[PDB]
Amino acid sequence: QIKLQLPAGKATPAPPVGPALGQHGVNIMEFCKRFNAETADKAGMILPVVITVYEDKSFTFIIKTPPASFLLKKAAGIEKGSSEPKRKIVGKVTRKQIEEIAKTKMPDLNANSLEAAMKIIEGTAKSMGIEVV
């Protein structure tokens, strides 16, 4: 069982994909087209998928919501997180934005309340030099 974060509508490259699971038994081509199939509904974003390979080299994979750090980057309109979180703020997002992301990632979050969800997201923002306003 392998896991990785592949961009929406794109796959097959050797450096990014290939070698990775391609060395566990997986047949790249089938995944590239397959992944890029459903990753059509949500394109442009980087989404993490969990590939599972059965003894017979066959496989399946679940597509999850994009990473918090990623959504956060997007929200703050930045490209990278601070090189020194807290010491240097490189961006910021509104409390409502935290709410949006928390809502977006909810299926993958284990919070029992939207409040707890936002607290989770804020923890990530605090780790990448992104402030909340």
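Residue indices: 1-based, along the sequence shown.
- Relative to one another, 46-54 and 68-76 have unequal mean CA B-factors, and 46-54 is the one with the higher figure.
- As listed in the deposited structure, the average C-alpha B-factor of 107-115 and of 17-25 is greater for 17-25.
- The entry lists C-alpha B-factors for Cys32, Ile101, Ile63, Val90, and the highest of these is at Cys32.
- In this PDB entry, the Cα temperature factor of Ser82 sits in the bottom third of its chain's modelled residues, the lowest group.
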